[PDB]
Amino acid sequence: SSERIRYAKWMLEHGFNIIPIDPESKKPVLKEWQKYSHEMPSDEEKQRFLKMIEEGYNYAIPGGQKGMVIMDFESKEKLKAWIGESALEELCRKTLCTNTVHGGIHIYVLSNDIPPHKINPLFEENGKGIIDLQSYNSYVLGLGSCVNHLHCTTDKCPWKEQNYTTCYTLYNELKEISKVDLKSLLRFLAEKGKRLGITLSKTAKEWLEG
């Protein structure tokens, strides 16, 4: 059928919880969706959630689940120039990467080490963050979800007020979310970025440096 339901079913298939997004509020159908970073949904909530998504609701994936966290980069092209095409391909070869509706890229990973606390932005370029880590108490829109930008009027908006719809798509190939040595990955981003003026944030270094 649609890619939206295929991928929603795919995340479930792999033991990850998803939550439908209300088309109007643009927020999860349930106020306390955070509980899904730690438990499933009953078989009479899952069914309900899948019908809504089939009907056309977008859906989100709570972070933190089974050590799963999403590295949320504001710009794919920026990341390509930062760590290089080879490194980006390598990463999106071992784990799941998706294109966001605003031109960014989500790299999903499994990490024993999850910042016990919220630490963002991880990296900054011009006193402005360029990547956030989505873990417990946050979520990302999943593959197949689409957003019409007609109602976006701020600056975080590339498609400000445009009658234009984009969707979360695969960077390249579908891959199971896999393990990565997170601190090592962040060390890598740091070494690649200092020559480009891309640096670790304050809290970020603190955590990293232990």
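From 1 onward, residues are counted along the sequence shown.
- Legend: mean Cα B-factor per stretch from the PDB entry, 103 to 111 versus 123 to 131; the higher mean is in 123 to 131.
- When the C-alpha B-factors of 167 to 175 and 30 to 38 are averaged, 30 to 38 comes out higher.
- The entry lists a Cα temperature factor for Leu12 that places it in the middle third of the chain's modelled residues.
- Per-chain ranking of the deposited C-alpha B factor places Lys76 in the lowest third.
- Sort the chain's modelled residues by C-alpha temperature factor and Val180 lands in the middle third, per the entry.
- Residue-level temperature factors show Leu196 in the highest third of its chain, judged at the C-alpha atom.
- Per-chain ranking of the deposited C-alpha B factor places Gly64 in the middle third.
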